[PDB]
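The chain that follows stands alone, in the form deposited in one PDB entry, written as structure tokens.
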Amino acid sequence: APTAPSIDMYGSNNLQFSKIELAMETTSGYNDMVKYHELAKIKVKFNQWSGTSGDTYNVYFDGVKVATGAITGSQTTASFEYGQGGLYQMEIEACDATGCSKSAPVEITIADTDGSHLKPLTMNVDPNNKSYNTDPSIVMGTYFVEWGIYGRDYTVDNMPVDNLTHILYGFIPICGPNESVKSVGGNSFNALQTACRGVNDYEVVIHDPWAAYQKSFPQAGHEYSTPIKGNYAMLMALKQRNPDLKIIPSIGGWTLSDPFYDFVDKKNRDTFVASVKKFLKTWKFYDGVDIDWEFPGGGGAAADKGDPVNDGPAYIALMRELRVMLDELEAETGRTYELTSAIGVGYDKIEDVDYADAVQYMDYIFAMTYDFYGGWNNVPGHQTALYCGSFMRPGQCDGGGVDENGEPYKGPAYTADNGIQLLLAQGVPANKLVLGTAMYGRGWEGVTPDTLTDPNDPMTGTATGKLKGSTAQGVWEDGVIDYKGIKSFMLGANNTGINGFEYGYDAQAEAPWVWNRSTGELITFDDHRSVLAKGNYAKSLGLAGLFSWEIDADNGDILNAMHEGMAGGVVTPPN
């Protein structure tokens, strides 16, 4: 028989092959950094120095023949293409009329972006996240933010994945007009300019390729030479651990919505929709797309954008067009892909979209039932309440009243139930609506007792400015604090108040607060009680479930309460 091939490990890239080429140690345009191949090119060098070399080689993976070719003398390169990622035991055989001889087996890795070559992720979850048996029909969602791996030190293996059905990855930008990004300062705008170099306007890109696929995480077993690293390789490994998890890219958000206002022109929708199809073929761990346009009709970060007449019909066409495209991917892959969107729930945001038309294309609407009041002005209120608080004036709740100047309210007050009932009354099915819960507070300073019109209720006071604090306290920007910061610096373990704060609860609104009467610091947030009230409300109305912004800011208490409030319930999944 021929001499047995001897595989040259170093001549064959130590047997690590990848369907995706990702630039490392540089930051450039997205199309220069990312290249995806439907088939990996596998080149393996072998030699047969003594004896006869034979005529033909065969390559086997786990005992099954996957390639064949000609022997070229004493040194041959087996060259072939292969579609399915994975880890395989490879043998190379050489054959002639006298028989065949085979190399020892050796492990070959074929990387792909579904994580098929990866072991299940090793988790490091805070043990305060508890175990539940929530019915699998109920949505339990959260947002994981790409920049959370910096100062916030919160990585994919920290997520309590057994307690989640959906992870929304915040946020994928659209190339084009993006002046709103300059509002976060730092390098965010400039990093987008880099990512969009050589990219057509209105196509998606990865904003931070260091966080997404270059950074080596030692807890994931990454090495500097591993072909896919970053949060994306950890999400691939997380999907190997929890295969029924849905991981969905969230496009837009508050700072990254400016390009959506040009989707009134179909040509820019077509560009965008094609880029999303390419994105989901490239990054196969993702299960759909979430569109967080804030907001049709305006009222978001860009003060000079928003068209109440035309943005709603653009949003609806976008959804129609994205569902056509996802149906093509389902035909191609045999997989199911979801289309979702996070939406404003003030009456003046809902009135700009005919959701009865849009929602026929969509699996879920993540209703943003939070940010109703906040440090952008000096008016206290409940930022994430179900119902109207004691602080509101007569006729403020339903908008029939007048304000303190005698001016008509323009619509119903900002509460979760006022927005859910506006959506239901126009025919959006309850089982497509997912109710938002806040894992953060918004707050003020200067709300001292002398400013209250009702002494029992600090939401009747007036602020002098935003809450101020440090990042160790969970205050990453003025006026906003992580829930785990409120728990460590204002509630304490018994939930009865520390550091001069007192806890209170508006039982009408279903909304908690902490208030330091000395500093006038007042913070509106969600807590165990108010999250249990949201789960009861969701069960009462047959909503799809609950989601939360943002998972790094919880200590486990808010996701635990999301599950606790849903116990016993089931829902009909949308078809």
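Quick note: we count residues from 1 along the sequence shown, nothing fancier.
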{"item": "Selected stretch [higher average CA B-factor]: 145-153 or 67-75", "value": "67-75"}
{"item": "Stretch exceeding the other in mean C-alpha B-factor - 531-539, 37-45", "value": "37-45"}
{"item": "Residue, from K119, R323, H166, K349, that the PDB entry assigns the highest Cα B-factor", "value": "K119"}
{"item": "Criterion, highest CA B-factor; candidates, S275, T109, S188, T415", "value": "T109"}
{"item": "Chain-wide C-alpha B factor ranking for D287, given as lowest, middle or highest third", "value": "lowest"}
{"item": "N560 CA temperature factor, ranked by third within the chain", "value": "lowest"}
{"item": "B-factor third for the C-alpha atom of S518 within its chain", "value": "highest"}
{"item": "Chain thirds of CA B-factor: placement of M490", "value": "lowest"}
{"item": "Third of the chain's Cα B-factor distribution that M368 belongs to, per the entry", "value": "lowest"}
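Keep in mind that the form deposited in another entry is missing from the display, and what follows is about it.
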| property | result |
| --- | --- |
| Same rigid block between this form and the one not shown (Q193, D450) | yes |
